[PDB]
There are 2 protein chains.
Amino acid sequence: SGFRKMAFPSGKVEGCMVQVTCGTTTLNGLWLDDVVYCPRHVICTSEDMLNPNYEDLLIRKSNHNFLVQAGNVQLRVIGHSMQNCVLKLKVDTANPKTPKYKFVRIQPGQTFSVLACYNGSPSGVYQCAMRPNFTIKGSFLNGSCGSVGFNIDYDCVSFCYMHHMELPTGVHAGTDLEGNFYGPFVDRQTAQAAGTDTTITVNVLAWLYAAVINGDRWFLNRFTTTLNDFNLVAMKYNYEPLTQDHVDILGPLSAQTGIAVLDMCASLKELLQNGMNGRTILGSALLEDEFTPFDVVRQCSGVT
Amino acid sequence: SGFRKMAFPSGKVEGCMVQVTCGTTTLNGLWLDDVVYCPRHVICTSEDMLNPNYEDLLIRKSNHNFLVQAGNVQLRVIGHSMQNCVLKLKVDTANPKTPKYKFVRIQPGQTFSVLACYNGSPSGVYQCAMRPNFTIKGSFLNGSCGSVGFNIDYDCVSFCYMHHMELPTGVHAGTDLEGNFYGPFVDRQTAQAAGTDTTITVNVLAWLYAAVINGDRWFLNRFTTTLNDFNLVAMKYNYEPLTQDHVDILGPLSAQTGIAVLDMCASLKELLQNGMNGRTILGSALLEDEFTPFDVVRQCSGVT
Ligand SMILES: *CC(=O)NC1=NC(SC)=C(C#N)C2(CCCCC2)[C@@H]1C#N
Ligand SMILES: *CC(=O)NC1=NC(SC)=C(C#N)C2(CCCCC2)[C@@H]1C#N
């Protein structure tokens with residue numbers, strides 16, 4: 001029993017972290033096979049970030065201008081290319097610590113672990129979600145760009161995120177491992193405002209099921225509702241609309257607890273309309289939306 | 001910017017996790033050098049746990065009765081000994097993945113990361129604190145016993161906890177790496193009730209400083225207080241008494257923010273007396289007490 005915001009074990013990603021320096025700018029890189037992936041703005045100075053033309057700045061860079069350090073050993077760069085907002089540095093040595101991996105572009109509401117890094121060295125690991133406005137509420141200081149987000153399925157690491165930017169509001173923006181930003185963000189130091197950070201309804205429901213499984217059941221009420229009625233309430237409280245796909249995804253949690261998805265929806269509806277009344281659910285005084293239904297299943301069943 | 005419940009990168013501990021089987025009971029072990037550490041109740045059946053005499057049960061066990069599996073390879077057990085509530089299995093092979101390590105017995109209020117494991121395989125990593133009643137609010141399912149808690153300083157892993165038990169209330173109890181339980185707990189399936197789970201005052205203050213550093217400053221008020229006045233309020237709200245040692249430990253946070261420790265104490269006092277009034281601090285609707293002052297410094301400064 002007990003329910004925690006759990007991140008995946010980070011060792012498989014720790015063994016891929018390198019330092020990438022180009023001129024005076026240094027950031028984190030990800031060494032997978034004989035390639036190093038890093039934000040393309042490793043070729044920029046702080047002044048360049050105001051209005052960078054990456055194609056023009058990259059013309060003035062050769063393989064030897066990129067320094068890649070793995071721990072303390074220097075990897076020889078034998079090729080370089082820009083792919084969207086990431087640079088791919090072909091090195092002469094395959095990473096001996098390359099785990100089984102895939103690059104995945106996740107959907108909003110999906111969760112992943114971030115291995116926060118500075119100078120190619122790992123400092124911490126935390127769990128977070130791709131917000132519905134395509135930002136992440138990370139914890140990143142200067143020097144963390146290039147840190148990646150990932151999920152682990154048995155022995156396979158699915159890299160889903162690379163840290164590139166911090167918006168003026170303190171939220172973070174980045175790309176998948178193909179260099180495409182999540183959301184409408186750009187790698188430029190210009191005012192980029194995020195849209196409404198709505199709550200991930202299916203995740204709140206999933207966490208409400210985990211609460212029931214762990215004995216926190218005070219919030220369970222005597223009512224039910226329909227998807228349309230629930231959605232009218234969810235729209236009022238800036239919650240994402242719930243779909244039949246989300247109901248199907250909640251199926252195993254509904255089966256395990258004996259609580260119909262729409263019955264939990266009605267419980268959530270009353271919580272939105274009345275508040276927690278000074279009470280907690282799983283040690284939280286607010287409704288948690290950064291546990292997907294699969295995260296709850298994994299944590300409540302013990303998937304290694 | 002951004003503040004997250006961050007755990008240490010777990011790779012150095014992942015490479016030490018083994019499976020220990022004795023008869024039909026299997027739990028997690030920690031392989032450091034040529035020794036494997038695990039809960040002594042690996043020699044017990046579920047019936048034995050009702051009233052075990054470990055010394056008597058251990059007489060009927062030889063080196064060959066303990067099976068140790070590292071990933072999938074079988075380590076040869078060449079010695080065994082009981083040290084308090086842990087068994088030490090001397091194996092014929094030194095762990096090639098042994099990081100730099102120390103065994104430390106932590107004080108209540110201290111935080112550490114837990115690498116939750118099942119069958120010697122890691123499933124997740126989370127951050128938690130040794131509560132003032134010597135329990136931990138972990139997340140452990142059947143098969144997780146033997147999972148360890150640790151802190152990392154540069155390249156050195158300080159192991160501080162080993163999971164041994166779940167109390168009837170859902171909280172967890174365990175030992176340091178010398179087999180001594182934190183608190184008055186015993187490795188017996190008998191009713192053990194925990195004492196008052198009080199709030200770690202110095203950690204709440206430390207998290208209030210992290211909030212100020214990250215821009216959440218609504219709670220800062222126009223008052224100050226004394227240690228004695230603050231402590232009268234802290235006693236009323238089941239908060240630990242704050243000492244001059246705790247004030248000294250908060251010194252760097254006080255220096256960085258320009259907020260005197262007793263001024264933050266007065267802010268905390270008003271928060272205890274009025275509540276949050278529906279507001280959040282660092283995305284939390286309650287006061288967080290599982291970040292030590294050192295954790296805040298590390299996260300807000302970028303220690304790898
Ligand atoms: C996202 C990020 O922080 N980018 C960085 N840009 C630049 S100039 C394009 C930097 C420089 N020099 C640093 C790397 C060194 C520390 C200061 C920021 C980063 C990073 N990370
Ligand atoms: C702390 C804990 O869970 N202990 C266990 N005891 C016993 S009997 C002494 C077990 C058995 N058999 C298991 C290990 C296998 C899964 C069921 C529980 C554990 C554990 N862990």
Side-chain angles (χ1 to χ4, degrees), chain A residues 1-2 19-29 38-52 54 57 85-87 116-121 123 136 138 140-148 162-167 171-175 181 185-189 192 302, chain B residues 1-2 19-29 38-52 54 57 85-87 116-121 123 136 138 140-148 162-167 171-175 181 185-189 192 302:
Chain A
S1 74
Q19 202 190 60
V20 185
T21 300
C22 181
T24 62
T25 300
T26 293
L27 41 65
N28 306 284
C38 76
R40 67 181 177 168
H41 73 256
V42 73
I43 66 180
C44 306
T45 66
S46 306
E47 178 168 30
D48 285 331
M49 287 312 285
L50 301 186
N51 196 1
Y54 290 96
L57 287 163
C85 305
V86 308
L87 300 177
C117 283
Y118 298 93
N119 297 110
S121 276
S123 57
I136 82 166
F140 294 110
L141 298 179
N142 302 135
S144 64
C145 297
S147 299
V148 300
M162 176 168 284
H163 186 50
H164 287 243
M165 199 172 58
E166 175 176 74
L167 299 181
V171 301
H172 307 101
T175 74
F181 265 93
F185 306 116
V186 296
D187 48 4
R188 285 174 232 153
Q189 196 186 315
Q192 300 178 70
Chain B
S1 74
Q19 202 190 60
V20 185
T21 300
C22 181
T24 62
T25 300
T26 293
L27 41 65
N28 306 284
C38 76
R40 67 181 177 168
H41 73 256
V42 73
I43 66 180
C44 306
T45 66
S46 306
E47 178 168 30
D48 285 331
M49 287 312 285
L50 301 186
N51 196 1
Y54 290 96
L57 287 163
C85 305
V86 308
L87 300 177
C117 283
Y118 298 93
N119 297 110
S121 276
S123 57
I136 82 166
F140 294 110
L141 298 179
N142 302 135
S144 64
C145 297
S147 299
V148 300
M162 176 168 284
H163 186 50
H164 287 243
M165 199 172 58
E166 175 176 74
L167 299 181
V171 301
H172 307 101
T175 74
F181 265 93
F185 306 116
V186 296
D187 48 4
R188 285 174 232 153
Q189 196 186 315
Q192 300 178 70

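One-based numbering, in listed order, for ligands and for the atoms of each. Naming: A, B, ... by sequence-line order, numbering from 1 per chain. These numbers come from the heavy atoms of this one structure, side chains and all, not from hydrogens, waters or symmetry mates.
Judged purely by atom type and a 3.5 angstrom limit, A:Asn28 has no side-chain atom pairing as donor or acceptor with the backbone of A:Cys38. With hydrogens and angles ignored, the 3.5 Å screen pairs no side-chain donor or acceptor of B:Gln19 with any backbone N or O of B:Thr26. With A:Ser123 contributing its side chain and A:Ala116 its backbone, the two residues share a donor-acceptor pair below 3.5 Å. Of the possible donor and acceptor atoms, one in the side chain of B:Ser147 sits under 3.5 Å from a partner among the backbone N and O of B:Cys117. With A:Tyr118 contributing its side chain and A:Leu141 its backbone, the two residues share a donor-acceptor pair below 3.5 Å.
When each atom of ligand 2 is checked for a heavy atom of B:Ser46 under 4.0 Å away, the hits are 8 (S). Of all atoms in ligand 2, numbered sequentially from 1 with element shown, those under 4.0 Å from a heavy atom of B:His164 are 1 (C). Close approach to B:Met49 involves these atoms of ligand 2, each under 4.0 Å from a residue heavy atom: 9 (C). Of all the atoms in ligand 2, the ones that sit under 4.0 Å from a non-hydrogen atom of B:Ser144 are 21 (N).
Heavy atoms of B:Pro39 found under 4.0 angstrom from ligand 2: none, in either backbone or side chain. The proximity of B:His41 to ligand 2, defined as any non-hydrogen pair under 4.0 Å, involves the side chain as well as the backbone.
For atom 17 (C) of ligand 1, the closest heavy atom belonging to the protein is A:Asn142 CB, 4.2 Å. The protein atom (non-hydrogen) at minimum distance from atom 15 (C) of ligand 2 is B:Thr26 O, 3.6 Å. When hydrogens are left out, the protein atom nearest atom 1 (C) of ligand 2 is B:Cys145 SG, 1.8 Å; that is the closest non-hydrogen contact.
From B:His172, atom NE2 reaches atom NE2 of B:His163 across 5.0 Å, with rounding to the nearest 0.5 Å. Here the NE2-CZ distance, from A:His164 to A:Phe140, works out to 10.5 Å after rounding to the nearest 0.5 Å. Atoms CG and OG1, from A:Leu27 and A:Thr21 in turn, are 8.0 Å apart once rounded to the nearest 0.5 Å. From B:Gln189, atom CD reaches atom CD of B:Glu166 across 11.0 Å, with rounding to the nearest 0.5 Å.
Of the polar atoms of A:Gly143, at least one N or O is found under 3.5 Å from an N or O of ligand 1, judged by distance alone. Residue-to-ligand polar distances keep B:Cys44 apart from ligand 2: every N/O pair is separated by 3.5 Å or more.
Proximity of atom 19 (C) of ligand 1 to the protein is not indicated, since no non-hydrogen protein atom lies closer than 4.0 angstrom.
Of the candidates B:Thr45, B:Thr25, B:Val20, the one placing a heavy atom closest to atom 12 (N) of ligand 2 is B:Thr25.
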